[PDB]
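Chains as they are written, first to last, in the authors' numbering: chain A, 1 to 129, 135 to 215; chain B, 1 to 219.
Read the structure below first, then the notes.
Below you can see the structure in the form of structure tokens.
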């Protein structure tokens, strides 16, 4: 099956945010839907729960999100919702839309509760200044997470390393490297694609020789 | 709230051998009916958790026969017969008996103990785009090495620098069981143009000598 989450992003402390989750590959109306989150300080934490029409639309919440979060389903649209009211910094994490307990997981959306502003990334080409040649892209000064890196629109993936973003006074910084046979660059172009959905921005950087 | 405890936090295992991971709960989660609402999950790096085993021993859809789940009452054991490279990741355990709430374990990281691999090191001077904005990051990639233990040293004109360095490791890659690391020395443009030689040095188990890549601003 497949579960796709939507919404999230940067929210200032105290604000509100709605998460939506479209489901397919199974019958949305015959399963318990749960929202689960993950973070380095909490680990995997069950958040909410909703049941069927034949269960009074029953709901359950974790003790820490009760009174602030509202789980809601829509069997017509095969969508679960999570209206999150009075968000605090503790709610920052990766939220997974799930079905059953916990049979099926979505990809997960990222929620960052912070009062800084959304900033689009700067993408810098990393060209060399061996039978293989390694190229790179440096992604600095964006907020919040995440950004996704691909190379040649995903056509290159076997020799790619993408590193986790680290937060500093320069906002987020991450890097990505790709390794291709040196006889194929720069004759066959290599381009890194950096997508930052929080800022509605995508950058494509063709790595050219210095 | 029932507490799930997974032991150990991390486990190394060679390919072909077997692996066992313990998951214990605060109380017996044996429902009045049947056995336990005990579920096992595998979260490969960069992905979401995926249900492997449910109700102690039942294997979920598309789970290979090498994943087996034992245990009863408070103790539960997940086993992997003939470990494969795609098996690496963090294994979790959840419980659905005493609910709410539904609680998970801390997670056990499965690490493939592969042969030693020396890093392939590549250094990159700052781009012209970044220099225009007044910044100057030198990037050093250390790719496809094992074990994960590694030290990176940045030297500027033969002098070591420690502040302005940003380090980032990837998780183990299932395609070759190696790790990779990115080391970034970030300077202002002003300081960068007052020096010539920039060097990252890798000290790793695979070599008594550090692996060195360097460049001069006189390209």
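Think of the CB as a built atom: it goes at the ideal place given N, C-alpha and C, for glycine as much as any other residue.
Terminal residues of the continuous alpha helix (DSSP H) containing residue i?
| i | result |
| --- | --- |
| residue 41 of chain B | Per DSSP, residue 41 of chain B belongs to no alpha helix (DSSP H); it is in the beta strand (DSSP E), 38-43. |
| residue 192 of chain B | 189-192 |
| residue 130 of chain B | 128-132 |
Tell me which residue opens and which closes the beta strand (DSSP E) that residue i is part of.
| i | result |
| --- | --- |
| residue 173 of chain A | 171-173 |
| residue 147 of chain A | 137-147 |
| residue 24 of chain B | 19-24 |
| residue 213 of chain B | 211-216 |
| residue 262 of chain B | It is not possible to answer for residue 262 of chain B, since the shown part of chain B is limited to 1 through 219. |
| residue 211 of chain A | 206-212 |
| residue 166 of chain A | 165-167 |
| residue 198 of chain A | 195-201 |
| residue 12 of chain B | 10-13 |
| residue 2 of chain B | Per DSSP, residue 2 of chain B belongs to no beta strand (DSSP E) and is neither H nor E. |
| residue 124 of chain B | 120-124 |
| residue 156 of chain A | 153-156 |
| residue 122 of chain A | 122-126 |
| residue 180 of chain A | 176-186 |
| residue 29 of chain B | Looking at the DSSP string, residue 29 of chain B is not in any beta strand (DSSP E), and its letter there is neither H nor E. |
| residue 109 of chain A | 109-113 |
| residue 3 of chain A | 2-6 |
| residue 161 of chain A | Looking at the DSSP string, residue 161 of chain A is not in any beta strand (DSSP E), and its letter there is neither H nor E. |
| residue 11 of chain A | 9-11 |
Smallest Cα separation from residue i: which of the options?
| i | options | result |
| --- | --- | --- |
| residue 196 of chain A | A:13, A:46, A:214, A:206 | A:214 |
| residue 22 of chain A | A:81, A:50, A:64, A:31 | A:81 |
| residue 204 of chain A | A:94, A:118, A:177 | A:118 |
| residue 33 of chain B | B:189, B:200, B:21, B:73 | B:73 |
| residue 12 of chain B | B:107, B:76, B:113, B:18 | B:113 |
| residue 188 of chain A | A:24, A:72, A:138 | A:138 |
| residue 2 of chain B | B:58, B:105, B:35, B:119 | B:105 |
| residue 29 of chain A | A:16, A:43, A:53 | A:53 |
| residue 178 of chain A | A:158, A:149, A:163, A:191 | A:149 |
| residue 12 of chain A | A:109, A:42, A:87 | A:87 |
| residue 193 of chain B | B:79, B:17, B:10, B:126 | B:126 |
| residue 176 of chain A | A:186, A:115, A:66, A:212 | A:115 |
| residue 49 of chain A | A:42, A:62, A:40 | A:62 |
| residue 81 of chain B | B:36, B:96, B:5, B:16 | B:16 |
| residue 17 of chain A | A:85, A:72, A:73 | A:85 |
| residue 56 of chain A | A:32, A:9, A:186 | A:32 |
| residue 157 of chain A | A:6, A:46, A:210 | A:210 |
| residue 184 of chain A | A:109, A:164, A:145 | A:164 |
| residue 124 of chain B | B:219, B:4, B:6 | B:219 |
| residue 149 of chain B | B:79, B:30, B:180, B:96 | B:180 |
| residue 65 of chain A | A:76, A:51, A:78, A:36 | A:36 |
| residue 172 of chain B | B:208, B:58, B:109, B:131 | B:109 |
| residue 77 of chain A | A:201, A:3, A:190, A:199 | A:3 |
| residue 7 of chain A | A:68, A:127, A:79 | A:79 |
| residue 112 of chain A | A:15, A:5, A:74 | A:15 |
| residue 154 of chain B | B:199, B:217, B:66 | B:199 |
| residue 96 of chain B | B:209, B:30, B:160 | B:30 |
| residue 42 of chain A | A:186, A:89, A:201, A:146 | A:89 |
Kindly give me the distance between the Cβ atoms of residue i and residue j, rounded to whole angstroms, as I take these residues to be in contact under 8 Å.
| i | j | result |
| --- | --- | --- |
| residue 154 of chain A | residue 142 of chain A | 7 Å |
| residue 195 of chain B | residue 156 of chain B | 5 Å |
| residue 38 of chain A | residue 93 of chain A | 6 Å |
| residue 182 of chain B | residue 168 of chain A | 4 Å |
| residue 184 of chain B | residue 144 of chain B | At roughly 19 Å, the Cβ-Cβ gap does not stay under 8 Å, so residue 184 of chain B and residue 144 of chain B are not in contact. |
| residue 26 of chain B | residue 77 of chain B | The pair is not a contact, with the Cβ atoms about 18 Å apart (cut-off 8 Å). |
| residue 28 of chain B | residue 7 of chain B | About 18 Å separates the two Cβ atoms, so there is no contact after all. |
| residue 142 of chain B | residue 152 of chain B | 7 Å |
| residue 123 of chain A | residue 180 of chain A | 11 Å between Cβ atoms; not a contact. |
| residue 60 of chain A | residue 100 of chain B | 5 Å |
| residue 222 of chain B | residue 56 of chain B | Within the shown structure, residues of chain B are numbered from 1 to 219, placing residue 222 of chain B beyond reach of any answer. |
| residue 220 of chain B | residue 189 of chain B | Residue 220 of chain B lies beyond the residue range present for chain B, which begins at 1 and ends at 219; the question has no answer from this structure. |
| residue 4 of chain B | residue 103 of chain B | 5 Å |
| residue 102 of chain A | residue 51 of chain B | 6 Å |
| residue 86 of chain B | residue 10 of chain B | Incorrect: roughly 18 Å between the Cβ atoms, too far for contact. |
| residue 215 of chain B | residue 129 of chain A | 5 Å |
| residue 171 of chain A | residue 168 of chain B | 6 Å |
Handout entry: the stretch 77-94 of chain B in contact with the stretch 37-50 of chain B per 3-pair CB rule at 8 Å
Key = Contact between the stretch 77-94 of chain B and the stretch 37-50 of chain B is present, because at least three Cβ pairs lie under 8 Å.
Problem - Contact the stretch 14-21 of chain A vs the stretch 96-115 of chain A: 3+ CB pairs below 8 Å - result: yes
Practice task
Could you tell me whether the stretch 57-73 of chain B touches the stretch 103-117 of chain B, where touching means 3 or more Cβ pairs closer than 8 Å?
Solution key: No contact exists between the stretch 57-73 of chain B and the stretch 103-117 of chain B.
Exercise for the section: Enumerate, from N- to C-terminal direction, the unbroken beta strand (DSSP E) stretches of 3 or more residues contained entirely within the stretch 37-115 of chain B. Expected result: Runs of the beta strand (DSSP E) spanning 3 or more residues and lying entirely within the stretch 37-115 of chain B occur at 38-43, 50-54, 67-72, 75-80, 89-95, 108-112, in chain order.
Practice task
Jot down the residue ranges of each uninterrupted beta strand (DSSP E) in the stretch 18-93 of chain A, minimum 3 residues, whole runs only, in chain order.
Solution key: 33-39, 43-46, 48-50, 59-61, 69-74, 79-84
Handout entry: Ordered list of beta strand (DSSP E) runs contained in the stretch 132-168 of chain B, each at least 3 residues
Key = Taking only runs of at least 3 residues, the beta strand (DSSP E) segments lying wholly in the stretch 132-168 of chain B are 135-145, 150-156, 159-161.
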